[PDB]
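Below, chain A is the first sequence line, B the second, and so on; all start at residue 1. All values below were derived from every heavy atom in this structure, side-chain atoms included, with hydrogens, water molecules and symmetry-related copies excluded.
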Amino acid sequence: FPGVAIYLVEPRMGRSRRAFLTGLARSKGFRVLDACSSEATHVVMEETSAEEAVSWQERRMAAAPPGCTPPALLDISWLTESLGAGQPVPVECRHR
Amino acid sequence: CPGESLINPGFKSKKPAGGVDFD
Amino acid sequence: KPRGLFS
Amino acid sequence: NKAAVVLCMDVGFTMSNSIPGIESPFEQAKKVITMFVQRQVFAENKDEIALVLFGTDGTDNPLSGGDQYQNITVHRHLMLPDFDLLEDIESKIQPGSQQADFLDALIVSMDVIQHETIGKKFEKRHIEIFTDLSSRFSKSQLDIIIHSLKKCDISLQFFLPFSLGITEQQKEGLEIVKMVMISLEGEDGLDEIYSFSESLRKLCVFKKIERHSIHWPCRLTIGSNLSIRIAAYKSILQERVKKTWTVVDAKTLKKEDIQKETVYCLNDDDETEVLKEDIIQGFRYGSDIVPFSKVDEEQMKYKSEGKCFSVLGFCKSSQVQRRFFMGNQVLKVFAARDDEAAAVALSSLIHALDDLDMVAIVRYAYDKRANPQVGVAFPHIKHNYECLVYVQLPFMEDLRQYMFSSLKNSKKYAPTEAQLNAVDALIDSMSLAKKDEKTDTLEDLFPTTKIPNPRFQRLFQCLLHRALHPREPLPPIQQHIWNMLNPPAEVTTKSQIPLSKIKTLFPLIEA
Amino acid sequence: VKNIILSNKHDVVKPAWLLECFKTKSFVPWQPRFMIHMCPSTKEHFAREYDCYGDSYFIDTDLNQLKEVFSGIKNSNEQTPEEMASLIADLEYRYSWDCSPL
Amino acid sequence: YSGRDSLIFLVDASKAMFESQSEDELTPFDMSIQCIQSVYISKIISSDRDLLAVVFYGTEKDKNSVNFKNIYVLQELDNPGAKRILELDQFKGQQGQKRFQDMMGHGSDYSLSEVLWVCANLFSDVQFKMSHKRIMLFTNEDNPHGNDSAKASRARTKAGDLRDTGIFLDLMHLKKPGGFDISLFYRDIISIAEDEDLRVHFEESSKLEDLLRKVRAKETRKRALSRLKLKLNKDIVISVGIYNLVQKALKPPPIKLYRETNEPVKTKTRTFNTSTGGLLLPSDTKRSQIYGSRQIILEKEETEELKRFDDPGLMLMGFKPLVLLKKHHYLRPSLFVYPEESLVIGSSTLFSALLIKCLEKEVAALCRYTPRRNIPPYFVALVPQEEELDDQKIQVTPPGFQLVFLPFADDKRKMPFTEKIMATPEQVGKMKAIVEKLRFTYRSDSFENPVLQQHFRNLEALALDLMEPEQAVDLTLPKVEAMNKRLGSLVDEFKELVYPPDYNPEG
DNA sequence: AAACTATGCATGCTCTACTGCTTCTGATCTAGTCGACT
DNA sequence: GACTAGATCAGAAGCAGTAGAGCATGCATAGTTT
């Protein structure tokens with residue numbers, strides 16, 4: 001599934017957890033970008049509130065090209081469910 | 001109240017340990 | 001001296 | 001250690017009918033076998049069990065021949081006990097209509113033991129006969145049977161519906177059983193014949209947790225020239241469960257899907273992680289923290305010569321009081337195995353200490369890594385064996401100096417004469433020891449040291465109930481567990497009037 | 001520092017080294033003069049171009065440097081009067097060293 | 001006794017305190033500084049939550065809230081630490097004396113009323129509850145105010161006011177060229193004037209020796225582990241408290257620090273699924289145990305409920321003769337049971353009657369003990385314990401009950417069978433002679449834990465940056481030389497009488 | 001007959017949790033002073 | 001009324017002690033292979 005891009009925020013979940021999640025996603029076929037890039041389409045946070053998420057989105061936009069599609073804020077539940085099912089899961093309001 | 005510990009009020013002073021002293 | 005079924 | 005047990009059972013119609021007011025022999029035998037199997041299953045002792053039945057229409061055994069050796073089936077061969085055996089006992093074993101002679105069943109059991117014993121070091125063999133002796137007896141092969149029993153060194157036991165109002169056939173059966181027991185062992189053989197009621201009482205409790213102490217060699221030293229080789233074991237200690245609960249995933253019920261791991265992070269908004277190689281030790285010295293790396297701690301750690309058993313000195317037994325005993329174990333010290341001079345020296349020391357009424361203050365260290373300890377060793381002499389008993393003693397730090405008010409010289413809590421008389425009556429009525437005047441001896445009516453720990457009994461009961469009933473709430477505590485934890489009813493009965501009197505005399509108001 | 005010395009895994013340097021580094025605004029190579037202890041790797045490195053004492057055989061020395069070298073050396077009594085006198089005489093004869101007034 | 005103990009170290013800064021009578025002697029100022037340092041270290045090791053202060057009087061500079069003259073409060077009431085010890089260390093030597101003179105000065109006048117006022121102000125500032133208030137006066141001037149009588153009257157009035165407030169005053173009089181005389185002025189200021197403390201003392205006070213004696217053992221205030229109910233039967237209940245008169249001493253728990261900046265870190269444990277990566281709380285997971293080639297699954301709640309037998313407390317079962325109790329059946333350190341009248345009124349009377357009758361009849365109360373909820377019951381024996389006092393009437397054995405645990409059938413282990421060999425009377429006599437030669441008196445506080453003492457010494461050396469750690473003498477090591485000297489030839493005779501010519505015990 | 005490996009025991013150190021006792025801090029309240037009004 | 005300042009109660013934090021599990025280390029004991 002090269003169509004979709006998944007990025008995990010390092011500075012809020014820890015190095016070991018991020019490495020384990022990336023390894024599991026890679027073994028499951030998902031492609032995870034090690035470094036932040038414009039091609040990212042899904043962003044997953046961990047133990048975070050709405051205010052911190054929106055501030056992170058603003059910071060990311062502050063150094064992003066115009067006329068693009070910023071990723072969608074998602075919770076770790078979405079990633080865990082997608083890994084468990086083995087295929088991408090539809091996004092709902094709770095994940096957003 | 002003789003023998004009271006000056007350093008720690010309310011606790012009885014403890015004599016230094018002498019180990020074994022043969023009679 | 002318990003032995004057999006009892007040991 | 002290893003053992004093989006061949007349970008021989010009777011399934012003839014003779015046991016299918018009995019007095020309605022009492023349980024039938026078949027049900028009692030089934031209960032006894034089930035209890036034994038449970039005890040063996042929950043006590044992993046590497047013992048094997050086989051099950052043979054006689055009196056059923058079926059016929060399946062190694063030695064068929066002609067009409068002889070019929071109506072006998074080797075239902076279960078020699079193998080480790082497991083829950084499927086209990087399930088087979090519960091349902092598969094059913095009453096039968098045909099009768100059989102238990103001599104042929106004994107022959108079949110002996111053949112099974114002989115065939116399945118080879119290839120393994122079975123140091124013990126037992127055959128238990130659960131028979132009512134209703135069927136007729138064909139004692140045409142007694143001599144060869146006894147010869148085989150003696151040659152193979154196989155123990156025999158019997159279980160009958162009556163303890164040592166029966167038909168003459170039962171009397172003849174009992175006589176032949178007594179003859180067999182006398183031939184096998186003699187007089188004491190008469191004690192190897194049990195009854196279902198007696199066996200149920202003995203097998204109503206799970207086996208105790210048993211562990212083997214490791215022999216600890218050392219040398220008791222008095223100075224720098226006297227040394228006695230000694231071996232120490234652990235006598236008294238708080239027993240724990242051999243096995244611990246394992247965390248599993250609810251859905252897949254597997255320990256491989258659950259991973260536990262510890263991480264370290266700093267107190268920052270990012271909570272950045274730090275590897276274990278960047279983590280140092282530190283201690284609290286007042287209002288600030290002093291770093292102390294582990295390597296420096298080992299460099300400065302107190303070093304001692306491990307495995308030491310030295311006699312610091314000797315002191316009167318009065319000076320050492322039981323209330324000061326510390327630690328979590330009691331050590332028993334004997335002379336070195338296969339050593340006569342050490343035995344003589346230790347016996348001399350023990351006898352001298354007992355005659356002088358004194359104990360030895362000693363320094364004990366398990367090994368290099370173990371912290372040194374100061375303890376007391378006192379003699380223990382018995383009619384058959386003598387040794388030393390070692391118990392740890394407190395350091396100056398461990399002692400606590402607490403002040404408590406005196407009750408004897410209190411003008412507000414002074415008991416009256418009537419109150420003292422009531423307390424005396426209560427103490428006399430609730431005595432747990434009986435003084436036999438003929439022998440002038442004290443008998444303990446409530447021995448605590450012989451009571452199995454209820455914790456393990458409860459754990460085994462619940463585990464068994466879950467295994468046999470996957471979907472069912474856990475049961476309540478067994479009645480016999482409560483009974484064995486309470487004093488005999490006789491003691492309780494005599495304590496009613498004294499207790500009522502004490503209530504009347506002593507006011508007690510909850511605040 | 002004693003604990004670090006007893007663990008041969010690090011190098012101990014006197015503060016004077018960093019003061020000299022500040023003075024010259026450049027990285028000054030280490031020296032046994034600015035040192036209290038050496039890890040095995042530094043012992044192997046300095047054992048090549050620096051003798052066991054605090055002296056080198058690649059760079060010349062002055063009065064102060066020789067005084068520093070002699071300071072580290074401790075008095076030893078493996079000699080006897082007559083043999084020391086004879087060795088002194090041989091040394092004085094070897095290098096045209098008989099011209100001293102004392 | 002609830003609260004914290006506060007202490008103030010008043011040190012005179014007069015000229016007479018800086019003069020040494022002999023060349024090889026310690027000046028009074030240095031002795032006072034050493035005593036303060038020793039008390040600081042002892043407090044750090046034993047009671048780190050206590051408050052200490054250091055104040056000087058008679059100096060040229062001043063530092064106080066009220067802005068008095070010639071009073072420099074060097075350290076206010078605060079928990080002890082290494083920083084204060086290091087700060088005090090800069091006055092220990094002669095160079096330290098010069099530094100102290102330069103920083104503050106000496107040889108100025110002073111008034112004791114101002115000193116006591118400053119001490120009271122320092123005491124008032126503390127917000128925590130203070131069980132004890134104490135001041136110590138390190139001085140060698142028995143007549144601080146001989147020329148003026150109004151100053152003496154003001155000092156007397158202030159001392160009386162402080163005594164009424166509840167502030168203890170102690171005088172650690174030091175050596176004087178002439179001789180200290182308490183009767184002159186300090187009889188009134190001092191809180192308690194002992195009868196023996198009226199003669200002229202020609203030497204420093206004996207309390208300085210006690211102060212200099214470092215105590216490196218933790219001190220714990222009285223506390224009750226549990227306050228349970230003793231139930232003679234279902235309807236007779238009394239309230240008792242349980243205490244641990246003996247408790248193992250352990251090193252303080254280590255703390256995890258960061259290498260770069262010594263900043264404490266936080267450790268977190270978590271459990272995650274391998275095939276999914278999600279985080280599982282300690283309720284999703286179940287428990288398992290493989291018995292009989294089968295898996296048995298129990299929930300956490302059921303596992304905890306397996307241990308529920310009876311409500312916490314002690315339930316009476318009967319009375320047993322003390323002879324049946326066995327010394328070698330030790331299983332766990334014993335506890336102390338005392339009355340507790342707060343919960344139930346009338347418990348003390350019944351407890352006293354039971355204790356008296358148990359002592360009279362020499363019996364022990366067998367009971368079933370359940371310390372906390374969901375804990376399997378144990379069988380214990382309450383042995384009466386009478387009140388025993390020493391020569392000076394100081395209580396050494398309190399009155400109450402001794403709770404001793406009794407082993408179950410699973411707590412005993414079978415022993416290998418060993419044949420018995422009996423020694424001849426001559427060998428027993430020789431061993432008796434040896435034992436008599438090696439006799440000594442035993443006390444419960446005659447030994448110290450070498451590991452804890454060495455750990456404390458190392459910690460102090462690291463904190464104070466001392467040159468080398470102080471080595472602690474181990475009293476638990478056998479005295480081989482003394483034993484060899486005392487025994488004499490007895491060892492050789494015993495070895496000849498008990499061992500064959502070629503035995504080689506070591507081999 | 002000798003070497004390697006499975007099995008077990010004893011002990012010290014550490015994370016983790018839970019229960020109970022003591023002390024500190026936030027929150028809920030009456031006396032003194034100034035002021036408003038009538 | 002409003003403010004300010006005193007005094008009273010109840011919940012949370014610290015600490016002590018216990019229990020369970022795991023790890024590491026060391027040692028001993030017995031079974032299997034060559």
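- Residues that satisfy the side-chain hydrogen bond (donor to acceptor under 3.5 Å, both in side chains) test with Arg372(F), not counting sequence neighbours, are absent from this structure.
- Ring geometry for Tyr364(D) versus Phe309(D): interplanar angle over 60°, hence perpendicular rather than tilted (30 to 60°).
- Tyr1(F) has its side chain within reach of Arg221(F): a pair of non-hydrogen atoms, C-beta onward, lies under 4.5 Å apart.
- Rounding to whole angstrom units, CZ of residue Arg337(D) and P of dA28(H) are separated by 16 Å.
- Between the OH atom of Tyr1(F) and the P atom of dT22(G) there is a distance of 17 Å, rounded to whole Å.
- For the pair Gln127(F) CD and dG26(G) P, the interatomic distance rounds to 12 Å; values are reported in whole Å.
- No side-chain heavy atom of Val295(D) sits less than 4.5 Å from a side-chain heavy atom of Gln299(D).
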Discussion item. Within the 4.0 Å limit for protein heavy atoms, which parts of nucleotides 12-23 of chain H are touched? Write it as a string from 5' to 3', B for base, S for sugar-phosphate only, - for none.
Written reply: ---BBSSSSSS-
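- Remark: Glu304(F) pairs with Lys300(F) by the salt bridge (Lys or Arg N to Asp or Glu O under 4.0 Å) rule, at least two apart or across chains.
- Listed pair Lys368(D) / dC27(H) meets the phosphate criterion, a side-chain N or O lying under 4.0 Å from OP1 or OP2.
- For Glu263(F), the side-chain contact (heavy atoms from CB on, under 4.5 Å) partners two or more places apart in sequence, or in a different chain, are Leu266(D), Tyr258(F), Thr261(F).
- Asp50(F) places none of its side-chain heavy atoms less than 4.5 Å from the side chain of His132(F).
- For the pair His328(F)/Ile236(D), no side-chain contact is recorded, criterion being any heavy-atom separation below 4.5 Å from C-beta on.
- Listed by first then second residue, pairs satisfying side chain to side chain donor-acceptor pair (under 3.5 Å) with a partner in residues 274-288 of chain D read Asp278(D)-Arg259(F), not counting sequence neighbours.
- Checked against salt bridge (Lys or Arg N to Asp or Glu O under 4.0 Å), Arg308(F) has no partners two or more places apart in sequence or in another chain.
- Rounded to whole Å, the distance from CZ on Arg221(F) to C1' on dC21(G) is 14 Å.
- Using a 30° and 60° split on the angle between ring planes, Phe460(D) and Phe456(D) fall in the tilted class, from 30° to 60°.
- Across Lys43(F), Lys133(F), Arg49(F), a single residue satisfies side-chain hydrogen bond (donor to acceptor under 3.5 Å, both in side chains) together with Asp5(F), and that is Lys43(F).
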Discussion item. Using the rule given for side chain to side chain donor-acceptor pair (under 3.5 Å), can you reason through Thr285(F) versus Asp249(D), listing the C-alpha separation, both sets of side-chain angles and the distance that settles it, and then say yes or no?
Written reply: CA-CA 5 Å; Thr285(F) 44; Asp249(D) 159 32; over 6 Å; no
Please tabulate, one pair per line, each protein N/O and nucleotide N/O from nucleotides 7-10 of chain G that are separated by under 3.5 Å, including the distance.
{"from": "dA10(G)", "atom 1": "OP1", "to": "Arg413(F)", "atom 2": "NH1", "distance (Å)": "2.8"}
{"from": "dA10(G)", "atom 1": "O4'", "to": "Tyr366(D)", "atom 2": "OH", "distance (Å)": "3.0"}

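- Nucleotide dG31(H) holds its P atom 6 Å from the NZ atom of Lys121(D), rounded to whole Å.
- Following rounding to the nearest Å, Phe128(F) (CZ) and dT22(G) (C1') show an atom-to-atom distance of 15 Å.
- If you take CE of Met130(F) and P of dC24(G), they are 11 Å apart, rounded to a whole angstrom.
- A positive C1'-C2'-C3'-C4' dihedral is found for the sugar of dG6(H), placing it in the north range.
- Looking at the side chain of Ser226(F), the nearest of the listed nucleotides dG20(G), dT29(H), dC24(G) is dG20(G).
- The ring pair (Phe, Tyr, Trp, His ring centres under 6.0 Å) check on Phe309(F) picks up nothing, with sequence neighbours excluded.
- Between the CH2 atom of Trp245(D) and the CD1 atom of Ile296(F) there is a distance of 7.5 Å, given to the nearest 0.5 Å.
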Distances under 3.5 Å between nitrogen or oxygen atoms of protein and nucleotides 7-10 of chain H:
none

Quick test: give all pairs of protein nitrogen or oxygen and nucleotides 13-16 of chain G nitrogen or oxygen below 3.5 Å, distance rounded to 0.1 Å.
{"from": "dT14(G)", "atom 1": "OP1", "to": "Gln281(D)", "atom 2": "NE2", "distance (Å)": "2.8"}
{"from": "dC15(G)", "atom 1": "OP1", "to": "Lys256(F)", "atom 2": "NZ", "distance (Å)": "3.0"}
{"from": "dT16(G)", "atom 1": "OP1", "to": "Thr269(F)", "atom 2": "N", "distance (Å)": "3.2"}

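- South is the pucker assigned to the sugar of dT25(G), its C1'-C2'-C3'-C4' torsion being negative.
- Between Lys307(D) atom NZ and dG26(H) atom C1' there is a gap of 10 Å when expressed in whole angstrom units.
- Stem list for DNA chain G (at least 3 consecutive Watson-Crick or G-U pairs, distances under 3.5 Å): G:1-9 with H:26-34, G:11-28 with H:7-24, G:30-34 with H:1-5.
- Shown here are the salt bridge (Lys or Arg N to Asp or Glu O under 4.0 Å) partners of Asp339(D), two or more places apart in sequence or in another chain: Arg229(D).
- With contacts defined as side-chain heavy-atom distances shorter than 4.5 Å, the pair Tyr366(D)/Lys307(D) does not qualify.
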